[PDB]
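1. Give me a 3D structure for the following:
(8 chains, ligands or ions: 11)
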Amino acid sequence: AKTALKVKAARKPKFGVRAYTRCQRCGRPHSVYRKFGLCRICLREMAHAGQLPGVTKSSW
Amino acid sequence: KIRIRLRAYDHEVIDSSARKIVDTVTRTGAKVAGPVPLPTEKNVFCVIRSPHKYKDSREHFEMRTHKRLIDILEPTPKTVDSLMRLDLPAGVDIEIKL
Amino acid sequence: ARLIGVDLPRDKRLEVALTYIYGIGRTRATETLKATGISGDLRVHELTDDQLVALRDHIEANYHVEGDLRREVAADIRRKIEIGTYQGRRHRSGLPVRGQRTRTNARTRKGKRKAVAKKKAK
Amino acid sequence: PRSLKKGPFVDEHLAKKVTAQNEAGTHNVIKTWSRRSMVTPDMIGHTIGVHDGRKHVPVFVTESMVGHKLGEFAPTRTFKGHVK
Amino acid sequence: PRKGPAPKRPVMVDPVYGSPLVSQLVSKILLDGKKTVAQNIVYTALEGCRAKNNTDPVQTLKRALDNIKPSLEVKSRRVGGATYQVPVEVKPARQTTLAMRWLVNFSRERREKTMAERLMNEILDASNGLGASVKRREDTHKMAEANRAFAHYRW
Amino acid sequence: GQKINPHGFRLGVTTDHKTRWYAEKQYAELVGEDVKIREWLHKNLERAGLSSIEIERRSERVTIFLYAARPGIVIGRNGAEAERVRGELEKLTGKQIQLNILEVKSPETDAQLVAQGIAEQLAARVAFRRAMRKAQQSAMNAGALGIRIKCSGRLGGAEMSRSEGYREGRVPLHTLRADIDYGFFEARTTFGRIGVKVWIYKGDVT
RNA sequence: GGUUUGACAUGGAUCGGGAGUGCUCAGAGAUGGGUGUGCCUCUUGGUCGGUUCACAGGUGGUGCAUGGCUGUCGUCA
RNA sequence: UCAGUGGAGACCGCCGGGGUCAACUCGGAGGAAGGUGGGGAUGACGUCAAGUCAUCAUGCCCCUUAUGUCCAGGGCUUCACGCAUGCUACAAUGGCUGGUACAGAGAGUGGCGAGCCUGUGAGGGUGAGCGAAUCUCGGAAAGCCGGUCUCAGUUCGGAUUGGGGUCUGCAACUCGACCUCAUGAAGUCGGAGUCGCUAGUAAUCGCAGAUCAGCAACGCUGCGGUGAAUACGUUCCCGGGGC
Ligand SMILES: CON(C)Cc1ccc(O)c2c1C[C@H]1C[C@H]3[C@H](N(C)C)C(O)=C(C(N)=O)C(=O)[C@@]3(O)C(O)=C1C2=O
Ligand SMILES: [Mg+2]
Ligand SMILES: [Mg+2]
Ligand SMILES: [Mg+2]
Ligand SMILES: [Mg+2]
Ligand SMILES: [Mg+2]
Ligand SMILES: [Mg+2]
Ligand SMILES: [Mg+2]
Ligand SMILES: [Mg+2]
Ligand SMILES: [Mg+2]
Ligand SMILES: [Zn+2]
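-> Numbering: from 1, shown residues only, chains lettered A, B, ... in the order given. Ligands and ions are numbered 1, 2, ... in the order given. The coordinates are given below.
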């Protein structure tokens, strides 16, 4: 994402309702999980690389 | 009396930690209820595999939290000091309810 | 000409013959019956004039019905038109007023599909 | 619509401008971007230039406007018809 | 399929009348996965049958099924530049299936109000020898007889 | 294009997670600091050669295992560089960092360092075929049961992109009990960057 | 409608002690003006300021310059 | 019983036939399960200069008091139309109404909220309990049973439109969901053509989660409830495999 957008999201919003999430590794604004920050792609790649404890592929 | 909750992501380290706790308290007398397994928390995440325009192929992940419970029937303040001072693996946490 | 301006259809239960009146729905008819103390499960053709006019009096006293409510609704729409709100402009255009989408269907307001010729590919 | 117990929402600068206009003579056009605000009787008889995205279109507020938002009278999209 | 004849699920018997025929009838009605609704319909129809005639409802259902059972039916064939209607004999299982399907479909098509004794009326009419099901059986047999000249194409 | 990450595929089955901590109200922020730590270490310790960064936490105390081929760069002179990197780590995180640096016994057998070296040679403009053959030969001299290297990109500074690969021995990617070490790096050239992937079949594990 | 080393980085210099903020005013807001509060070491740091100097910034172009990731033929043999 | 750790169990292993034998194959016994038991993960060498410079990264080119950057308002929600994926239907195997059974998998501290009071209701006011196999979401719905409607463009259908509201939010005009009152549109089973499915499947019935202040979610990913018909066969249609 754009650096200005990332810093604006990081800073406290004017009105509480105006805040949003952003991928904390990636800056992506779509599909950001509250449990661990990050995003769709960041989750997939980091879970594959094994930096997320407890997270493994599910094949039930 | 005296609750010990163990939570981790790997049941091997959960079992090893529970065995270490029970063998420690016993080495300090204190007879203690066996490690009873609680249901494992099972969080599921579905993720679009591709970075773009490919929604029908997805990848699923789980974060399984394994929980065990220990009761320290015998008060045994010596075991209290032992259980507060011993060292446990980083992956597993401990919760002591007095 | 049974009720105010509408004839209740014979051989039909009173609780729905009341809903046959404009301005009266299911719950409005049910209230009306409970207020008038009249059963709702008897057919209309067994209706004495005294209870019929009692029901008429209750409806007329409590409820805007038939021509009155129709004129009120038309007046409301005309007032929207003449004030020129967004809803009024949509009303004049004959297009959905409550923020419905108009790209794909909007059909119950746009009428039947008057398909138009478009550009032809090669 | 807005909850009744929260009262009407007037954007708190439109209110002050219309009050100043009332105090110093109800003759001026009040330029605002507050499509967000609620028409109130205290501004009846004023003329307000409501922003519509690219221009402050003027509306002369009458008695019947009161139960509406300022932005209802400043259309934002222009259609004019398909073809010609 | 290519591999071979797939196994058939065994047919259970009706607890009440003790006949696999009624179970097949309810499984053929069996709309929307509502077994209880379907067999309520079927039991109501059979009881109406025993009401209107003293004979056993399972026996009258059997008689209707024999009156609707087709013996041979024609299938499309792609020999040459024109399609043929080759008559083929029908096995007992296939003909019972066809009779049940026709019974249920024409019961659904009947003009009476409720499905239960639409099916009851259709069953009685078929057992007597009348109705849309019997008419369709006769029509299919008639068309098989008309196209009987292609009985030598059987493989 | 359609192959799974071997490490993620075997995660939990044969290989293990690089981070070992438990937290259920801070999970995201600990993940964020871990990302910061890993990015900082990778960006500032390319010269040492990083096999893996392993993070543990006990209570507001972080422990970093740095598996490096040549920890001489990390330790500097008498631990001066180790102290400075630790201090930068407290500056970055705000927590007590205990940093320890470990060797890799067979850098020629660890895939990540193999990709490191191949990408370094490609950046230094060595013929890719010669580099891949050298890495393959060194891996089998060490005693790996199977090598597979693939370099994709504008190989040799060309215009079209190629996907040149080498392999011999056995690399059963589909076998879960198979211990397969996977490494990847990017050679930063004057012509974009080359992706170098390395699979090394260490052996079979239970 | 504002802004121009910039909304955000990193480094040298140079003038510094507050930065940062509470309440108010003007403004659609950005922002600007008030008013209150005002560094910790130390005689040479943390932190900010400008003036610059380097520089940043771009969801601007090319997926036919690429890496990565994915679809797909195809669970096909 | 269940929870969750570690074991056992299925291997054509046994019996008989076929199979020159041999691989296999058929039948049987034992058994929870028999010939791969069901499902998932796993996608070979490569193809399509297939998609992504907009997740990230990056070669070169371009912008630099503007193609940077901040803000308010607007737009991404337009509407003569066309296509596509769905949802609700067209009713009686149904609608309405009272009573009454049986789940699984999940979520929760700015959260899940019981109970009581208040309101027709959305909700409001108080407010325990629970970081949760404990407390809450919670009611499962279909179904069964009683009553009722009686084939009616309807007591089907719930579009649209008028009124009165609630909640979230700085703020619901453009452009939110929901409640209530009224309104009651097309629709009578859908042309040529076309789609899914071989069993706990299709069909249907509800439930939960992600994102999320709220929500246009009927979407998506899961979960269980009820639960079929049919497969003679490879001639034909589509895709593919060996020679
Ligand atoms: C136009 O520039 N010159 C003439 C050649 C060209 C040059 C550079 C490019 O980058 C592409 C192309 C051709 C297009 C054609 C595209 C098209 N598609 C958009 C429908 C298509 O018909 C298919 C297909 N059905 O397979 C493709 O292959 C396609 O997608 C593709 O890859 C393309 C490219 O990007
Ligand atoms: Mg938001
Ligand atoms: Mg391409
Ligand atoms: Mg393109
Ligand atoms: Mg396999
Ligand atoms: Mg292309
Ligand atoms: Mg770019
Ligand atoms: Mg859109
Ligand atoms: Mg929890
Ligand atoms: Mg199949
Ligand atoms: Zn990301």
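2. Could I get the full set of helices for chain D?
-> With DSSP state H, the ranges of helices along chain D come out as D:14-24.
3. for it, what spans make up the strands?
-> Ranges of strands within chain D are D:29-32, D:47-51, D:56-60, based on DSSP state E.
4. if I look at the residue in chain F positioned nearest to chain D, how far off is residue E:53?
-> Proximity of chain F to chain D (Cβ to the nearest Cβ) peaks at residue F:25, 33.8 Å away. Where C-beta positions appear, they are placed from N, C-alpha and C, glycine not excepted. Going from residue F:25 to residue E:53 by Cβ to Cβ, to the nearest Å gives 76 Å.
5. Then residue D:6?
-> 74 Å.
6. Between the two, which has more neighbouring residues?
-> residue E:53 (14 against 7; other Cβ atoms under 10 Å in any protein chain shown).
7. which ones are touching that one?
-> Contacts for residue E:53 (Cβ atoms under 8 Å, 6 or more residues apart in numbering or on different chains) come out as E:60, E:124.
8. quick one: residue F:136 and residue F:150 touch, right?
-> No: using Cβ atoms under 8 Å, residue F:136 makes no contact with residue F:150, being 11.6 Å away.
9. What is the subsequent helix or strand relative to the helix or strand hosting residue C:16?
-> Using DSSP states H and E, residue C:16 falls within helix C:14-17. Counting by DSSP H and E, the next helix or strand C-terminal to helix C:14-17 is helix C:26-36.
10. ok, and what's touching that next one?
-> With Cβ under 8 Å, 6+ apart, helix C:26-36 has contacts from C:14-16, C:18-19, C:21, C:24, C:39-40, C:51, C:54-55, C:58-59, C:62-63.
11. orientation of the very next helix or strand once past that helix relative to helix C:26-36 in degrees?
-> The first helix or strand that comes after helix C:26-36 along the chain, using DSSP H and E, is helix C:49-62. Relative orientation of helix C:49-62 versus helix C:26-36 (axes from the mean of the first three to the mean of the last three Cα atoms, to 10 degrees): 120 degrees.
12. mind listing what's buried in helix C:49-62?
-> C:52, C:55-56, C:58-59 (16 or more other Cβ atoms under 10 Å in any protein chain shown).
13. now swap in stretch D:14-26 and tell me
-> Using 16+ other Cβ under 10 Å as the test for burial, stretch D:14-26 gives D:14-15, D:17-18, D:21.
14. Closest one of the residues you listed to chain F?
-> After measuring the buried residues of stretch D:14-26 against chain F - Cβ to the nearest Cβ - the closest member comes out as residue D:14, at 41.5 Å.
15. Quick check: the closest one touching residue D:33?
-> No: using Cβ under 8 Å, residue D:14 makes no contact with residue D:33, being 9.6 Å away.
16. pull the longest helix from chain A.
-> helix A:40-49.
17. Just checking it against RNA strand H, any contact.
-> Yes: for helix A:40-49, a contact with RNA strand H is found by Cβ under 7 Å from any atom of the strand, at A:41-42.
18. So that helix, near chain B or not?
-> Yes: for helix A:40-49, a contact with chain B is found by Cβ under 8 Å from any Cβ of the partner chain, at A:40-41, A:43-44, A:47.
19. That helix and chain F, any residue contact?
-> Yes: residues of helix A:40-49 are located near chain F by Cβ under 8 Å from any Cβ, namely A:46-49.
20. Could you list every helix and strand that the very next helix or strand once past that helix packs against?
-> With elements assigned by DSSP H and E, the helix or strand that comes after helix A:40-49 is strand A:55-57. Packed against strand A:55-57 by the contact rule (3 or more Cβ pairs under 8 Å, 6 or more residues apart in numbering or on different chains; DSSP states H and E) you find helix A:40-49, strand B:58-72.
21. now, of these, which is deepest in the fold?
-> Of these, the one with the most neighbours on average (mean count of other Cβ atoms under 10 Å in any protein chain shown) is helix A:40-49, at a mean of 22.
22. Run the contact check for that helix versus ligand 11.
-> Yes: residues of helix A:40-49 contacting ligand 11 under Cβ under 5 Å from the ion: residue A:42.
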